[PDB]
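Asker: Got a structure here, written out as structure tokens. Questions coming.
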Amino acid sequence: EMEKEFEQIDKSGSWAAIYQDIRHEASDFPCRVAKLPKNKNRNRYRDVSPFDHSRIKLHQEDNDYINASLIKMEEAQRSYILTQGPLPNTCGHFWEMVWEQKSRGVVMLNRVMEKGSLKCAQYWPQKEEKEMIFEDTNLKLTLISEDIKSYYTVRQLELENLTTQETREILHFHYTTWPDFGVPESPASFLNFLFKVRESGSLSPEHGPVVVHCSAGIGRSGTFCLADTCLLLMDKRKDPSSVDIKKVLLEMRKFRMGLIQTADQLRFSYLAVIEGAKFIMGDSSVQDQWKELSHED
Ligand SMILES: O=C(CCc1cccc(NS(=O)(=O)O)c1)NCc1cccc(NS(=O)(=O)O)c1
Ligand SMILES: [Cl-]
Ligand SMILES: [Cl-]
Ligand SMILES: [Cl-]
Ligand SMILES: [Cl-]
Ligand SMILES: [Mg+2]
């Protein structure tokens, strides 16, 4: 049971060894397509590839490759698309994938610049009046509005398929203060944000899978999806004790490599799940408290 386990791990100081066990148990499947010569410039990181079996295929034509994985959580009945931050030559692909997969929401857990380097292209317009056209994929993207909070921004985007002129609203949930290889500032600030995504309807099974990305699409993104799926599983069962967190992370790792990149990101996942369980089990008021504690204003 997760809170008993948390305490024994903390008491014994053994997060490093627990996280290592995950690494040695994790699935290893091939990534032959990601490693083809023609795709080298579609990958941000040499050592971070989608498995072939779970990769998202673009419905082009010339080259169907994007560095993106469908994490299909069968028992939880929720799917997510995890991807790297788009590169200067893959921003059209990224929006093509959102359109073809019918996603309603994009969760971004990194900043464009982190520690002096460019970890993600500027793939969305910053000003209403300066829309983006992806000529390769025939898509147009316009900023509709934004709601800037102290550590995250929500944007309403309109994505238009220029071939059909159909338009869709995409909500962009941008967490701007989660350091790379780090953890959010508190369970509260993390959960206040996750529940904003949830409240938007972006995670509805009536939409395609939510797109989640950081820079590589594995550390911060795996921590976010792990916490959400564990909360979903105890919610479906109304039974916090039924959730095995490390088993859940190993199931997710069948779909994309490297999910959760440090032992402290694992520890933080336990914290966010233990805390979020209070809301799932019917203490509605904790949501207001997370909002206060997060200092979003
Ligand atoms: O090469 C890296 C860093 C990848 C990377 C590079 C840059 C940023 C981020 N962070 S993210 O944006 O939070 O994902 C992550 N890590 C080693 C690595 C890669 C792919 C898989 C594993 N497997 S693991 O079992 O050791 O976790 C380990
Ligand atoms: Cl940014
Ligand atoms: Cl910087
Ligand atoms: Cl970039
Ligand atoms: Cl950072
Ligand atoms: Mg203006």
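Residue 1 is the first one shown; counting continues down the chain.
Looks like X-ray crystallography, 2.1 Å, at least that's what the header says.
From the backbone N, Cα and C atoms, a Cβ is placed for every residue, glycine too.
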Asker: Based on the annotations in Swiss-Prot, which residue of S49, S186 is described as phosphoserine?
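Answerer: According to Swiss-Prot, the phosphoserine annotation belongs to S49.
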Asker: Which one of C31, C214, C230 gets the tag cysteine sulfinic acid (-SO2H) in Swiss-Prot?
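Answerer: Out of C31, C214, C230, Swiss-Prot attaches the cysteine sulfinic acid (-SO2H) annotation to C214.
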Asker: To which of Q156, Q165, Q261 does Swiss-Prot also attribute binding of substrate at the site defined by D180, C214, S215, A216, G217, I218, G219, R220?
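Answerer: Among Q156, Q165, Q261, only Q261 appears alongside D180, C214, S215, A216, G217, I218, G219, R220 as substrate-binding in Swiss-Prot.
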Asker: Could you check Swiss-Prot and say which of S202, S241 is marked as phosphoserine?
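Answerer: When Swiss-Prot is consulted, phosphoserine appears for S241.
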Asker: State the three-class DSSP label for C214 (active site, phosphocysteine intermediate), counting H, G and I as helix, E and B as strand, and everything else as coil.
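Answerer: Reduced to three states, the DSSP call for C214 (active site, phosphocysteine intermediate) is coil.
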Asker: Can you name the residues of this chain that are 6 or more positions from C214 (active site, phosphocysteine intermediate) yet have a C-beta less than 8 Å from its C-beta?
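Answerer: The list for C214 (active site, phosphocysteine intermediate) reads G85, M108, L109, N110, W178, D180, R220, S221, given in order along the sequence.
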